[PDB]
């Protein structure tokens, strides 16, 4: 049985991370978080809740094999490095880092230690419809992937956000931050591991008070054989039943797959829906009850020293992609 700790609860995504692991058999050994209110929430949800006063104490603890984090994004890199160097593998929230320098330092450390550095790209790994779409595609369901389209919109909730959410140095830029999901997904569907940014754009359009916050971004991508677009926003309308109408279109030679990640507008109840357009016709599949293999696959990698869950090269390359795009966007 693997024991793990949560260090840095600065983002909401930590709950999904921690449940993901718990769901898979691992045991929560405690957590560190300077902020009182952030810690109060956490103890509430995880009953055992041992709250440790010092990060170093969790780090130097021989019985803990894994550190899960969602610290302030710019701070994740150095946390993950301290973790790896103390002999721990690490699962961090996206983005895993916010600059090329940090990506550089993480790759060296992962080389120097063979610890796993994983990023929970939740819009892939926590979405059964896209796990599903993944399985269809590998099984020849649409032929060759010709073109991918990722569209992700998010709800701003600004009164709710922490100060570092709006600081560019801390959050990384809209593309680094929220388009990295779609970047990983682009490399997943293609099965390729390197890609090119043909162009990128970012902007602030609706929140002129918060000028360092990017509000919209988008990117054009390609691997020779496959081509891709990605648009992201902090622009989810008040009337939307969820946080975002996320979409994934996967255009193939034999067929097209659309994934509606979260809602069907004025349609079917729930998320996450898959629509296959094949040689034979049009099928709606409901994917809610497909299994999310990542927690099993990742605790396995920790055990066998392998990479069942996500090739490490690809984990890093999704960030590199998103950083490139952020860069050329500015």
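Residue numbers count along the first chain shown, from 1.
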> For the C-alpha atoms alone, is the average B factor greater in 280-288 or in 25-33, going by the entry?
Replying inline: 280-288
> Between 185-193 and 230-238, which has the higher average C-alpha B-factor in the PDB entry?
Replying inline: 185-193
>> Highest Cα temperature factor in the entry, among the options 44, 68, 38, 266: which one is it?
In response: 266
>> Looking at the C-alpha B-factor values in the deposited entry, which of 139, 179, 103, 149 comes out highest?
In response: 139
>> When the deposited Cα B-factors of this chain's modelled residues are ordered and cut into thirds, is residue 170 in the lowest, the middle or the highest one?
In response: lowest
>> How does the C-alpha B factor of residue 162 compare with the rest of the chain: lowest, middle or highest third?
In response: middle
>> Going by the CA temperature factor in the PDB record, which third of the chain does residue 20 belong to: lowest, middle or highest?
In response: lowest
>> Splitting the chain's C-alpha B-factors into thirds, which one does residue 253 fall into?
In response: highest
> Relative to the other modelled residues in the chain, which third contains the C-alpha temperature factor of residue 144: lowest, middle or highest?
Replying inline: highest
